[PDB]
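Here you get one chain, nothing else, as structure tokens; it is the form deposited in one PDB entry.
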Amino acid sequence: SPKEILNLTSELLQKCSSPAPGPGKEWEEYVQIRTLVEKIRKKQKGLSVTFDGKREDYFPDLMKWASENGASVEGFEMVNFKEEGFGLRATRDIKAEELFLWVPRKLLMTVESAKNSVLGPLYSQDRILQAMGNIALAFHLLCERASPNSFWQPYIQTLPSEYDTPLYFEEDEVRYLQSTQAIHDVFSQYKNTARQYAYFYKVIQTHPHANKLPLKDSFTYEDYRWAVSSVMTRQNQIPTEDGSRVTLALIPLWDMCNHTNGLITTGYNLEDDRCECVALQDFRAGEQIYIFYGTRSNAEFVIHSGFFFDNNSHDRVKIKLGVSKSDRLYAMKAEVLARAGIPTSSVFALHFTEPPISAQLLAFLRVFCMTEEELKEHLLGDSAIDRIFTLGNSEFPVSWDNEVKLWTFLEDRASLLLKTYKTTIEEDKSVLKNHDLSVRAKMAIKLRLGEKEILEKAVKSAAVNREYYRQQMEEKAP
């Protein structure tokens, strides 16, 4: 019943437009939303458009389409790589820094091609589509998927039919993330996606500029979950045709590369109007070709990329810290932070790779622990180098007293965070070792384990710095 779906989505829109609930209400709100999304989903028949046969059956047509439009198709082939999915495998030796992959702009799906597509009329009227280039790309993808003769059909027919973003997690798979820092961004993703689906289902079914959309016929929640997951796992920022601005884009062929540690070796060539990728390392014939996606955390890889990357050298966990207005020194601390370019309250990161805290966090902690006299002396100074550059540098303390205070705080705070997790490090390792787990469950348990391993490293680093500066104070002659 289309009128029942319209009533259920109206209810879903209102629920997901409520304000954020207080501390400790987030899980039960997520369960409230899952209940209504699942009831809608089980009343619908999955993806509106499906392709018979195997995913690999369509890769030859992708290579042929890419070749005819000026892209590189020589020296690699599309292969199944088990738990990494499909990817590129070298057919011949490829040297590091060798240009081996390129994709002309005509092949890309962009916000610009979305504007000139069947979505164009609705794009020009809808406030959300105009503001959210990633949402516009998602609907561009759904519109072309539902088009029988879309130019990008060879690309769309080779995209995965599902993903491992948390949108696809079962309830108990998300439950593994209770009391983690990452779960809050999982909650947000689910609520955003459900709100957007309900909003656009109403728009597509009622707006006159949507009357000719291929989605007015059928537009299921699974359609929208697939579109946003496709975009978040694969989208890229590229310059516009003249280079004056940037835009979001899906890049066929190149986006089949899987991820490894390294540096970005993909850039846009504006002069030749194409994406270009040089080899991250030497790849021998028969070896998988990897690229480096970007310096993202494992929370970001799980939530936005749908995988957990082992030995992520950029892994980190978010921590929120601020000066309280109850602090009798709030005004002076806020003034010092402003001079340093740091907000009074903000989100920092604790890093896996040494050092565990950045210059920004060290600067904040120093200011947070300054005495009134240290604040006055700092504000009286005016050397440009002392606004932030020395303030965040480990070898330029305010005072040994200040160091002891800030490391004591950081040790206690990282220790406090560890105590709030539902499981310990070794409990997690026992689950991973002795249990048969789904792919998505393993991602969740590895993620919560990784958060705690970072926090314990921060505890031990803060403790040794506290002990070091306490020793320096004790050894100072009286």
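If you superpose the two forms and keep the largest set of C-alpha atoms that fall within 1.5 Å, you have the rigid core. Note that residue numbering follows the sequence shown and begins at 1.
K.L.:
Do at least a third of the other entries of this protein fail to model residue 19?
P.N.:
No: coordinates for residue 19 present in every compared entry.
K.L.:
Quick one: say whether 43-51 or 424-432 has the higher mean Cα B-factor in the deposited entry.
P.N.:
The stretch with the larger average C-alpha B-factor is 43-51.
K.L.:
Look over 459-467 and 6-14 in the entry and identify the one with the greater average Cα temperature factor.
P.N.:
Averaged over C-alpha atoms, the B-factors run higher in 6-14.
K.L.:
Pick out which of 267, 208, 166, 85 has the highest C-alpha B-factor in the PDB entry.
P.N.:
Comparing C-alpha B-factors across 267, 208, 166, 85, the maximum falls on 208.
K.L.:
Checking the entry, which one of 345, 181, 298, 125 has the top C-alpha B factor?
P.N.:
Within the set 345, 181, 298, 125, 125 shows the top C-alpha B-factor.
K.L.:
Place residue 75 in the lowest, middle or highest third of its chain's C-alpha B-factors, as listed in the PDB entry.
P.N.:
Its C-alpha B-factor belongs to the middle third of this chain's values.
K.L.:
Among the modelled residues of this chain, does the Cα B factor of residue 32 put it in the lowest, middle or highest third?
P.N.:
Its C-alpha B-factor, which the entry lists for residue 32, ranks in the highest third among residues of this chain.
K.L.:
Based on the entry's values, in what third of the chain does the Cα temperature factor of residue 214 lie: lowest, middle or highest?
P.N.:
Residue 214: CA B-factor falls in the highest third of its chain.
K.L.:
Among the chain's modelled residues, which third holds the C-alpha B-factor of residue 304?
P.N.:
For residue 304, whose C-alpha B-factor we compare with every modelled residue in the chain, the answer is the lowest third.
K.L.:
Mind checking which third residue 399 falls in for C-alpha B-factor across the chain?
P.N.:
CA B-factor rank for residue 399: lowest third.
Unshown form deposited in another entry; subsequent notes refer to it.
K.L.:
Have a look at 393, 134, 161, 260 and give me the residue whose C-alpha moves 2 Å or more between the shown form and the other one, with the fit done on the rigid core.
P.N.:
Among the listed residues, the one whose C-alpha moves by 2 Å or more is 393.
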